[PDB]
Amino acid sequence: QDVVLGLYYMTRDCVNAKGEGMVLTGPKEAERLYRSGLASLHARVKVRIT
Amino acid sequence: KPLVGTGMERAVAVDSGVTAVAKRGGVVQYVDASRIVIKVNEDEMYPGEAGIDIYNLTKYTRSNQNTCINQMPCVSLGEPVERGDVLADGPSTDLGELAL
Amino acid sequence: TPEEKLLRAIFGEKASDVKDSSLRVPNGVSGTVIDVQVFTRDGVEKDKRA
Amino acid sequence: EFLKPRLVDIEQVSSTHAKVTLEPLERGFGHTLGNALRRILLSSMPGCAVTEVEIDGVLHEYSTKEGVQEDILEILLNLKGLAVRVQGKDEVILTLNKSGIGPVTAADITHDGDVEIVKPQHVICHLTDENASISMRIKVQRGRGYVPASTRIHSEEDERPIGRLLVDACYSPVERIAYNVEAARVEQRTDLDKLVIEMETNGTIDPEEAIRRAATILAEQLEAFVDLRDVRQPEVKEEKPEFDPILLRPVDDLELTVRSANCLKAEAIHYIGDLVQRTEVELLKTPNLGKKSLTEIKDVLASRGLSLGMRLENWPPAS
Amino acid sequence: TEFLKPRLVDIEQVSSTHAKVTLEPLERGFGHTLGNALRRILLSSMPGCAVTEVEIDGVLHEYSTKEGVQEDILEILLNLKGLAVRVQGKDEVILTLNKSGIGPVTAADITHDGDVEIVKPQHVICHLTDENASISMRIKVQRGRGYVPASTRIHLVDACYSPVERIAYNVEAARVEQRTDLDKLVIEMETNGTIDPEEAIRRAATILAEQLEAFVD
Amino acid sequence: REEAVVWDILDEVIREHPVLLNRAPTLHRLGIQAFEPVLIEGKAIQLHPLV
Amino acid sequence: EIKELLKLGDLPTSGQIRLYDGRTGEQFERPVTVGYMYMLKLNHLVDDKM
């Protein structure tokens with residue numbers, strides 16, 4: 001229960017937030033992006049993934 | 001004591017024997033963590049034998065469930081107590097209120 | 001028994017005619033003694049402490 | 001290629017609480033040092049705190065004093081909160097007396113070169129009978145963080161003074177710490193931040209004193225974070241004791257008479273490894289030891305299995 | 001009064017670029033405090049040289065097309081941020097991409113300059129299609145004690161200065177003989193290769209320590 | 001004596017040595033499950049949340 | 001009446017505030033409720049059960 005609210009709130013999106021629309025190399029700098037208060041956890045974004 | 005209560009706590013505290021309740025209104029002559037002596041007011045006082053109601057407090061002692069049941073004085077030296085006032089709190093009762 | 005016998009003899013204990021039955025405190029539980037009572041049979045001589 | 005901060009106005013506001021400021025702070029280091037200082041300041045700060053207490057005619061916490069309105073248990077609980085400061089000393093034993101129908105404040109104690117009663121209104125208890133009278137040995141150590149009455153018995157080794165009533169020790173002086181980094185514009189430089197660290201004390205630490213020991217520890221820690229030697233311990237301890245291990249125990253263990261007890265104190269014999277190898281020849285020559293006095297030593301040595309006067313070409317090995 | 005510094009610390013590193021350090025036993029609460037604080041400095045303020053701006057050869061806009069390349073303009077910016085740059089005496093260098101023909105432009109296919117060191121010549125910059133297909137441009141590296149977005153440049157590439165690609169600290173319970181609960185601190189880091197994980201931290205910490213030079217006694 | 005030496009031992013004897021945990025109504029086979037023991041201060045059992 | 005009494009305290013009506021994690025020092029997204037709830041210890045104390 002706790003844990004699923006967690007993944008959901010994590011992988012969920014809102015309309016407009018910090019980070020809206022930027023582009024990233026891969027998840028590694030996605031976290032670097034968030035931890036440092038630049039991006040909202042849930043913000044619509046194009047990233048390179050493998 | 002409950003920050004948030006409903007109002008019975010005062011009712012329960014007294015009616016349950018746990019607390020020590022003033023028999024007759026008067027003033028406190030003596031306060032020891034052990035006992036409480038009340039000099040009765042004249043109005044309530046019987047003519048002969050005069051004096052005072054003396055309440056001896058229960059100190060640290062075993063409960064049925066092995067909890068500890070101990071009375072404490074909640075009034076101060078030379079304070080007015082009216083008939084039916086809280087003279088000392090039991091365990092898990094504060095200032096006349098029920099505090100579980 | 002034998003080997004028990006030889007042991008009492010090597011370390012010199014006077015193996016008693018009396019067992020140890022003393023009331024001792026229960027494992028793990030620890031506190032302050034706040035009272036002692038002695039209940040004595042009607043007609044037994046009261047000990048020192050009693 | 002970097003800057004470095006330092007502390008401007010440390011503004012006291014009460015004996016209990018002050019707001020110290022930190023001005024040369026670069027981007028977000030405001031929160032970097034700010035949280036991490038809250039974390040050292042709320043724990044790792046020294047404090048002296050009342051530890052044990054002997055009281056007059058009182059055996060243990062669960063009793064009542066005759067003519068006082070607190071129950072002993074409570075009275076120890078008033079002392080847990082007895083704020084104090086001492087300087088050169090590391091455990092002082094204050095003393096309290098007073099009689100007469102009178103509220104006994106933390107004042108009514110007796111001063112020492114080192115003792116500062118940072119709050120002498122502090123109520124310790126109340127007397128209630130003209131010639132009701134109390135005395136006590138309040139004992140105050142100084143240490144770090146929370147050392148609860150319970151953990152204090154492992155050394156034991158005879159805390160027999162039954163009238164000694166250990167209280168839990170809340171050794172600290174921080175109450176709550178609360179930083180905020182409001183952006184401070186030093187006249188030129190893009191944006192550097194301020195760090196108003198607000199705090200709340202028991203009175204017994206002076207804010208600047210604190211904040212330094214705080215960085216002190218932060219340093220000492222990181223000190224090994226710099227380099228990283230993969231360091232380890234040698235370990236692999238020894239599985240070979242030579243003699244019987246009894247020879248490493250102290251002579252108290254022999255549960256012997258006082259006169260013979262100090263005799264081996266004085267003739268230099270702590271460990272039974274030395275009492276074993278000292279004959280009767282050695283002992284009449286020893287200060288205050290006769291036929292009654294030594295008959296004593298051959299009976300306990302007899303019952304434990306050992307003897308007087310022997311050898312071991314090897315005593316004692318080897319750490 | 002007197003404090004606790006750790007013992008036993010096996011930095012068990014996978015590859016040269018990646019590393020996992022375990023380090024016990026810390027005082028209580030000291031895992032997180034040191035862990036988070038070194039994380040902040042490792043992430044946000046760590047001196048590095050990445051790429052900030054690029055002037056193109058063919059077209060004047062970030063929404064245009066180059067003839068001969070399947071990689072979009074936003075795409076190649078991404079490949080750039082992931083190129084690892086380390087400068088020497090030089091505070092800012094700019095390089096020329098001179099290469100053309102039937103296939104991908106690696107970083108050995110970059111101009112080799114004096115105070116320039118490319119940690120990955122293998123690094124794929126872009127692909128080159130058929131025939132000829134022309135490509136040369138000048139790309140200006142910038143210096144900073146951070147990670148600076150394309151957007152933060154108001155008067156264009158996200159500048160990923162700090163060598164740290166990723167940081168985490170995990171705090172778990174460590175037992176010291178007769179102490180119940182101490183912290184055991186596990187730091188795990190990945191780098192852009194320009195500095196090995198083992199040192200990044202030394203200096204990452206060195207920086208933090210430098211700020212306390214105003215307090216210690 | 002609860003000598004301090006033993007704890008370093010117990011960790012040995014504990015290690016690869018599963019224990020069984022079982023809760024009140026044993027209903028499906030998953031009512032008993034085996035885990036690898038990790039030493040704890042406190043008189044409580046710590047039970048992994050997914051189970 | 002509850003909110004009205006929250007005014008006089010000089011406290012938000014949300015009953016919620018912003019809070020910060022003691023560890024990372026950073027803020028918690030969203031307001032969380034904080035308040036005072038009278039709470040009991042029942043005597044199913046662990047060291048009687050173990």
# chains A, B, ... in the order shown; residues from 1 in each chain; ligands from 1
call {"tool": "closest_atom_pairs", "arguments": {"of": "chain A", "to": "chain E", "cutoff": "7 Å", "atoms": "only C-alpha atoms", "output": "JSON lines"}}
result
{"residue": "A:24", "atom": "CA", "partner": "E:78", "partner_atom": "CA", "distance": 6.6}
{"residue": "A:25", "atom": "CA", "partner": "E:78", "partner_atom": "CA", "distance": 5.6}
{"residue": "A:28", "atom": "CA", "partner": "E:166", "partner_atom": "CA", "distance": 5.7}
{"residue": "A:29", "atom": "CA", "partner": "E:165", "partner_atom": "CA", "distance": 6.1}
{"residue": "A:32", "atom": "CA", "partner": "E:166", "partner_atom": "CA", "distance": 6.3}
{"residue": "A:36", "atom": "CA", "partner": "E:44", "partner_atom": "CA", "distance": 6.9}
call {"tool": "write_last_selection", "arguments": {"atoms": "N, CA, C and O atoms", "output": "PDB file, in the first residue's frame"}}
result
ATOM      1  N   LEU A  24      16.709  15.195 -22.070  1.00  0.00           N
ATOM      2  CA  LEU A  24      17.806  14.616 -21.338  1.00  0.00           C
ATOM      3  C   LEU A  24      18.417  13.353 -21.859  1.00  0.00           C
ATOM      4  O   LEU A  24      17.784  12.489 -22.467  1.00  0.00           O
ATOM      5  N   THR A  25      19.686  13.253 -21.505  1.00  0.00           N
ATOM      6  CA  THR A  25      20.562  12.231 -21.996  1.00  0.00           C
ATOM      7  C   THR A  25      20.086  10.835 -21.648  1.00  0.00           C
ATOM      8  O   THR A  25      20.221   9.912 -22.434  1.00  0.00           O
ATOM      9  N   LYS A  28      19.847   8.875 -15.685  1.00  0.00           N
ATOM     10  CA  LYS A  28      20.838   9.326 -14.740  1.00  0.00           C
ATOM     11  C   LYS A  28      20.798  10.817 -14.503  1.00  0.00           C
ATOM     12  O   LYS A  28      20.908  11.264 -13.353  1.00  0.00           O
ATOM     13  N   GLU A  29      20.682  11.596 -15.576  1.00  0.00           N
ATOM     14  CA  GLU A  29      20.637  13.018 -15.366  1.00  0.00           C
ATOM     15  C   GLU A  29      19.193  13.461 -15.132  1.00  0.00           C
ATOM     16  O   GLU A  29      18.937  14.611 -14.792  1.00  0.00           O
ATOM     17  N   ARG A  32      19.510  13.559 -11.382  1.00  0.00           N
ATOM     18  CA  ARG A  32      20.372  14.711 -11.073  1.00  0.00           C
ATOM     19  C   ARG A  32      19.537  15.978 -11.182  1.00  0.00           C
ATOM     20  O   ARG A  32      19.692  16.936 -10.410  1.00  0.00           O
ATOM     21  N   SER A  36      18.149  17.972  -7.209  1.00  0.00           N
ATOM     22  CA  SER A  36      18.588  19.337  -7.100  1.00  0.00           C
ATOM     23  C   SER A  36      17.478  20.350  -7.335  1.00  0.00           C
ATOM     24  O   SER A  36      17.755  21.503  -7.546  1.00  0.00           O
TER      25      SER A  36
END
call {"tool": "residues_around", "arguments": {"residues": "residue A:42", "least_positions_apart": "5", "cutoff": "9 Å", "atoms": "only C-alpha atoms", "output": "list in words"}}
result
residues 9, 10, 11, 12, 13, 14, 15, 16, 17, 18, 19 and 20 of chain A
call {"tool": "interface_residues", "arguments": {"of": "chain D", "to": "chain C", "cutoff": "9 Å", "atoms": "only C-alpha atoms", "output": "PyMOL selection string"}}
result
chain D and resi 59-63+302-306
call {"tool": "atom_distance", "arguments": {"atom1": "atom CA of residue B:31", "atom2": "atom CA of residue D:137"}}
result
25.3 Å
call {"tool": "interface_residues", "arguments": {"of": "chain G", "to": "chain F", "cutoff": "8 Å", "atoms": "only C-alpha atoms", "output": "PDB file with N, CA, C and O atoms, in the first residue's frame"}}
result
ATOM      1  N   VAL G  46       5.573  -5.312  24.557  1.00  0.00           N
ATOM      2  CA  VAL G  46       6.353  -6.342  23.934  1.00  0.00           C
ATOM      3  C   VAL G  46       7.056  -7.293  24.876  1.00  0.00           C
ATOM      4  O   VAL G  46       6.974  -8.485  24.648  1.00  0.00           O
ATOM      5  N   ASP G  47       7.671  -6.835  25.951  1.00  0.00           N
ATOM      6  CA  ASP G  47       8.508  -7.725  26.776  1.00  0.00           C
ATOM      7  C   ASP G  47       7.686  -8.483  27.772  1.00  0.00           C
ATOM      8  O   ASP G  47       8.170  -9.005  28.759  1.00  0.00           O
ATOM      9  N   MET G  50       7.154 -11.480  24.497  1.00  0.00           N
ATOM     10  CA  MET G  50       8.262 -12.229  23.906  1.00  0.00           C
ATOM     11  C   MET G  50       8.690 -13.505  24.633  1.00  0.00           C
ATOM     12  O   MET G  50       9.066 -13.422  25.769  1.00  0.00           O
TER      13      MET G  50
END
call {"tool": "residues_around", "arguments": {"residues": "residue E:68", "least_positions_apart": "4", "cutoff": "10 Å", "atoms": "only C-alpha atoms", "output": "count of residues only"}}
result
13
call {"tool": "residues_around", "arguments": {"residues": "residue F:2", "least_positions_apart": "4", "cutoff": "12 Å", "atoms": "only C-alpha atoms", "output": "list in words"}}
result
residues 27 and 28 of chain C; 154 of chain D; 178 of chain E; 6, 7, 8, 9 and 10 of chain F
call {"tool": "atom_distance", "arguments": {"atom1": "atom CA of residue E:215", "atom2": "atom CA of residue D:4"}}
result
10.7 Å
call {"tool": "interface_residues", "arguments": {"of": "chain B", "to": "chain C", "cutoff": "12 Å", "atoms": "only C-alpha atoms", "output": "list in words"}}
result
residues 59, 60, 61 and 62 of chain B
call {"tool": "residues_around", "arguments": {"residues": "residue B:24", "least_positions_apart": "2", "cutoff": "10 Å", "atoms": "only C-alpha atoms", "output": "number ranges by chain"}}
result
B: 21-22, 26-27, 38-41, 43-45, 52-53, 81-85
call {"tool": "write_last_selection", "arguments": {"atoms": "N, CA, C and O atoms", "output": "PDB file, in the first residue's frame"}}
result
ATOM      1  N   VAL B  21     -11.623  12.289  47.039  1.00  0.00           N
ATOM      2  CA  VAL B  21     -12.579  13.377  46.974  1.00  0.00           C
ATOM      3  C   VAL B  21     -13.052  14.002  48.271  1.00  0.00           C
ATOM      4  O   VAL B  21     -13.575  13.310  49.111  1.00  0.00           O
ATOM      5  N   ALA B  22     -12.986  15.331  48.400  1.00  0.00           N
ATOM      6  CA  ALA B  22     -13.308  16.014  49.671  1.00  0.00           C
ATOM      7  C   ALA B  22     -14.705  15.700  50.260  1.00  0.00           C
ATOM      8  O   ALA B  22     -15.750  16.044  49.704  1.00  0.00           O
ATOM      9  N   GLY B  26     -13.858  22.994  53.420  1.00  0.00           N
ATOM     10  CA  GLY B  26     -13.025  23.648  54.416  1.00  0.00           C
ATOM     11  C   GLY B  26     -11.676  24.029  53.839  1.00  0.00           C
ATOM     12  O   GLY B  26     -11.553  24.249  52.631  1.00  0.00           O
ATOM     13  N   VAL B  27     -10.669  24.147  54.699  1.00  0.00           N
ATOM     14  CA  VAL B  27      -9.332  24.500  54.235  1.00  0.00           C
ATOM     15  C   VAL B  27      -8.304  23.469  54.601  1.00  0.00           C
ATOM     16  O   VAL B  27      -8.448  22.739  55.588  1.00  0.00           O
ATOM     17  N   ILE B  38      -8.014  18.248  56.404  1.00  0.00           N
ATOM     18  CA  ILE B  38      -8.945  19.323  56.102  1.00  0.00           C
ATOM     19  C   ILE B  38      -9.610  19.824  57.346  1.00  0.00           C
ATOM     20  O   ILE B  38     -10.215  19.062  58.077  1.00  0.00           O
ATOM     21  N   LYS B  39      -9.493  21.111  57.605  1.00  0.00           N
ATOM     22  CA  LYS B  39     -10.207  21.674  58.723  1.00  0.00           C
ATOM     23  C   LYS B  39     -11.577  22.057  58.219  1.00  0.00           C
ATOM     24  O   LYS B  39     -11.708  22.934  57.372  1.00  0.00           O
ATOM     25  N   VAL B  40     -12.609  21.385  58.692  1.00  0.00           N
ATOM     26  CA  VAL B  40     -13.900  21.602  58.081  1.00  0.00           C
ATOM     27  C   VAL B  40     -14.355  23.016  58.378  1.00  0.00           C
ATOM     28  O   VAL B  40     -13.989  23.612  59.396  1.00  0.00           O
ATOM     29  N   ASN B  41     -15.145  23.541  57.441  1.00  0.00           N
ATOM     30  CA  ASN B  41     -15.870  24.786  57.622  1.00  0.00           C
ATOM     31  C   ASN B  41     -16.908  24.586  58.698  1.00  0.00           C
ATOM     32  O   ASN B  41     -17.373  23.463  58.918  1.00  0.00           O
ATOM     33  N   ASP B  43     -20.058  25.409  58.830  1.00  0.00           N
ATOM     34  CA  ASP B  43     -21.426  25.107  58.371  1.00  0.00           C
ATOM     35  C   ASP B  43     -21.692  23.596  58.289  1.00  0.00           C
ATOM     36  O   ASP B  43     -22.716  23.080  58.779  1.00  0.00           O
ATOM     37  N   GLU B  44     -20.739  22.896  57.702  1.00  0.00           N
ATOM     38  CA  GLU B  44     -20.897  21.480  57.445  1.00  0.00           C
ATOM     39  C   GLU B  44     -20.606  20.671  58.719  1.00  0.00           C
ATOM     40  O   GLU B  44     -21.136  19.570  58.895  1.00  0.00           O
ATOM     41  N   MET B  45     -19.822  21.246  59.634  1.00  0.00           N
ATOM     42  CA  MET B  45     -19.212  20.485  60.710  1.00  0.00           C
ATOM     43  C   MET B  45     -20.215  20.044  61.761  1.00  0.00           C
ATOM     44  O   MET B  45     -21.115  20.786  62.121  1.00  0.00           O
ATOM     45  N   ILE B  52     -11.443  17.813  62.195  1.00  0.00           N
ATOM     46  CA  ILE B  52     -10.998  17.641  60.854  1.00  0.00           C
ATOM     47  C   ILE B  52     -11.207  16.284  60.250  1.00  0.00           C
ATOM     48  O   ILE B  52     -11.270  15.267  60.935  1.00  0.00           O
ATOM     49  N   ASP B  53     -11.367  16.318  58.934  1.00  0.00           N
ATOM     50  CA  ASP B  53     -11.392  15.161  58.075  1.00  0.00           C
ATOM     51  C   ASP B  53      -9.967  14.920  57.619  1.00  0.00           C
ATOM     52  O   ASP B  53      -9.309  15.802  57.095  1.00  0.00           O
ATOM     53  N   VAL B  81     -11.082  24.296  49.766  1.00  0.00           N
ATOM     54  CA  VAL B  81     -11.711  23.236  49.003  1.00  0.00           C
ATOM     55  C   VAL B  81     -13.156  23.177  49.403  1.00  0.00           C
ATOM     56  O   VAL B  81     -13.542  23.340  50.555  1.00  0.00           O
ATOM     57  N   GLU B  82     -13.983  23.003  48.411  1.00  0.00           N
ATOM     58  CA  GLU B  82     -15.380  23.028  48.667  1.00  0.00           C
ATOM     59  C   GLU B  82     -15.804  21.600  48.734  1.00  0.00           C
ATOM     60  O   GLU B  82     -15.093  20.749  48.243  1.00  0.00           O
ATOM     61  N   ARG B  83     -16.943  21.314  49.343  1.00  0.00           N
ATOM     62  CA  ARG B  83     -17.406  19.922  49.368  1.00  0.00           C
ATOM     63  C   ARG B  83     -17.369  19.269  48.006  1.00  0.00           C
ATOM     64  O   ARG B  83     -17.720  19.890  47.016  1.00  0.00           O
ATOM     65  N   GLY B  84     -16.885  18.044  47.930  1.00  0.00           N
ATOM     66  CA  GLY B  84     -16.919  17.324  46.675  1.00  0.00           C
ATOM     67  C   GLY B  84     -15.898  17.775  45.659  1.00  0.00           C
ATOM     68  O   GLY B  84     -16.118  17.666  44.467  1.00  0.00           O
ATOM     69  N   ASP B  85     -14.755  18.249  46.150  1.00  0.00           N
ATOM     70  CA  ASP B  85     -13.698  18.810  45.323  1.00  0.00           C
ATOM     71  C   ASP B  85     -12.605  17.739  45.134  1.00  0.00           C
ATOM     72  O   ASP B  85     -12.478  16.858  45.972  1.00  0.00           O
TER      73      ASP B  85
END
call {"tool": "closest_atom_pairs", "arguments": {"of": "chain G", "to": "chain D", "cutoff": "12 Å", "atoms": "only C-alpha atoms", "output": "JSON lines"}}
result
{"residue": "G:20", "atom": "CA", "partner": "D:35", "partner_atom": "CA", "distance": 10.2}
{"residue": "G:21", "atom": "CA", "partner": "D:35", "partner_atom": "CA", "distance": 9.6}
{"residue": "G:22", "atom": "CA", "partner": "D:35", "partner_atom": "CA", "distance": 7.6}
{"residue": "G:23", "atom": "CA", "partner": "D:35", "partner_atom": "CA", "distance": 7.6}
{"residue": "G:24", "atom": "CA", "partner": "D:35", "partner_atom": "CA", "distance": 7.2}
{"residue": "G:25", "atom": "CA", "partner": "D:35", "partner_atom": "CA", "distance": 5.1}
{"residue": "G:26", "atom": "CA", "partner": "D:31", "partner_atom": "CA", "distance": 8.1}
{"residue": "G:27", "atom": "CA", "partner": "D:31", "partner_atom": "CA", "distance": 11.0}
call {"tool": "write_last_selection", "arguments": {"atoms": "C-alpha atoms", "output": "CSV table (one decimal), in the first residue's frame"}}
result
chain,number,residue,atom,x,y,z
G,20,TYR,CA,10.8,19.4,6.1
G,21,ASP,CA,12.6,16.0,6.3
G,22,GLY,CA,15.1,16.0,9.2
G,23,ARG,CA,17.6,14.1,7.1
G,24,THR,CA,18.0,15.6,3.7
G,25,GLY,CA,16.8,18.9,5.2
G,26,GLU,CA,14.7,19.5,2.1
G,27,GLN,CA,10.9,20.3,2.0
call {"tool": "interface_residues", "arguments": {"of": "chain A", "to": "chain F", "cutoff": "12 Å", "atoms": "only C-alpha atoms", "output": "ChimeraX atom specification"}}
result
/A:1-4
call {"tool": "write_last_selection", "arguments": {"atoms": "N, CA and C atoms", "output": "PDB file, in the first residue's frame"}}
result
ATOM      1  N   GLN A   1       0.820  -1.187   0.000  1.00  0.00           N
ATOM      2  CA  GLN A   1       0.000   0.000   0.000  1.00  0.00           C
ATOM      3  C   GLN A   1       0.862   1.248   0.000  1.00  0.00           C
ATOM      4  N   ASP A   2       1.616   1.514   1.066  1.00  0.00           N
ATOM      5  CA  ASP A   2       2.558   2.635   1.056  1.00  0.00           C
ATOM      6  C   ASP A   2       3.390   2.619  -0.215  1.00  0.00           C
ATOM      7  N   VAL A   3       3.870   1.452  -0.564  1.00  0.00           N
ATOM      8  CA  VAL A   3       4.821   1.357  -1.634  1.00  0.00           C
ATOM      9  C   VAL A   3       4.130   1.619  -2.938  1.00  0.00           C
ATOM     10  N   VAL A   4       2.870   1.252  -3.099  1.00  0.00           N
ATOM     11  CA  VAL A   4       2.289   1.495  -4.430  1.00  0.00           C
ATOM     12  C   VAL A   4       1.904   2.953  -4.616  1.00  0.00           C
TER      13      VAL A   4
END
call {"tool": "decode", "arguments": {"residues": "stretch 81-92 of chain B", "atoms": "N, CA and C atoms", "output": "PDB file, in the first residue's frame"}}
result
ATOM      1  N   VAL B  81     -11.082  24.296  49.766  1.00  0.00           N
ATOM      2  CA  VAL B  81     -11.711  23.236  49.003  1.00  0.00           C
ATOM      3  C   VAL B  81     -13.156  23.177  49.403  1.00  0.00           C
ATOM      4  N   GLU B  82     -13.983  23.003  48.411  1.00  0.00           N
ATOM      5  CA  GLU B  82     -15.380  23.028  48.667  1.00  0.00           C
ATOM      6  C   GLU B  82     -15.804  21.600  48.734  1.00  0.00           C
ATOM      7  N   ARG B  83     -16.943  21.314  49.343  1.00  0.00           N
ATOM      8  CA  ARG B  83     -17.406  19.922  49.368  1.00  0.00           C
ATOM      9  C   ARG B  83     -17.369  19.269  48.006  1.00  0.00           C
ATOM     10  N   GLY B  84     -16.885  18.044  47.930  1.00  0.00           N
ATOM     11  CA  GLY B  84     -16.919  17.324  46.675  1.00  0.00           C
ATOM     12  C   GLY B  84     -15.898  17.775  45.659  1.00  0.00           C
ATOM     13  N   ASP B  85     -14.755  18.249  46.150  1.00  0.00           N
ATOM     14  CA  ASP B  85     -13.698  18.810  45.323  1.00  0.00           C
ATOM     15  C   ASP B  85     -12.605  17.739  45.134  1.00  0.00           C
ATOM     16  N   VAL B  86     -11.782  17.787  44.078  1.00  0.00           N
ATOM     17  CA  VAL B  86     -10.704  16.794  43.977  1.00  0.00           C
ATOM     18  C   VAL B  86      -9.558  17.144  44.897  1.00  0.00           C
ATOM     19  N   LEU B  87      -9.286  16.266  45.860  1.00  0.00           N
ATOM     20  CA  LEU B  87      -8.257  16.519  46.857  1.00  0.00           C
ATOM     21  C   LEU B  87      -6.956  15.859  46.471  1.00  0.00           C
ATOM     22  N   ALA B  88      -7.007  14.844  45.620  1.00  0.00           N
ATOM     23  CA  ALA B  88      -5.777  14.190  45.188  1.00  0.00           C
ATOM     24  C   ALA B  88      -6.029  13.307  43.991  1.00  0.00           C
ATOM     25  N   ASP B  89      -5.121  13.271  43.037  1.00  0.00           N
ATOM     26  CA  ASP B  89      -5.392  12.483  41.841  1.00  0.00           C
ATOM     27  C   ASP B  89      -4.929  11.061  41.970  1.00  0.00           C
ATOM     28  N   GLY B  90      -5.675  10.136  41.371  1.00  0.00           N
ATOM     29  CA  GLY B  90      -5.226   8.762  41.281  1.00  0.00           C
ATOM     30  C   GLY B  90      -4.237   8.562  40.150  1.00  0.00           C
ATOM     31  N   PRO B  91      -4.009   7.322  39.772  1.00  0.00           N
ATOM     32  CA  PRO B  91      -3.208   7.063  38.596  1.00  0.00           C
ATOM     33  C   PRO B  91      -4.048   7.411  37.386  1.00  0.00           C
ATOM     34  N   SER B  92      -3.456   7.949  36.336  1.00  0.00           N
ATOM     35  CA  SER B  92      -4.175   8.278  35.121  1.00  0.00           C
ATOM     36  C   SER B  92      -5.402   9.103  35.350  1.00  0.00           C
TER      37      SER B  92
END
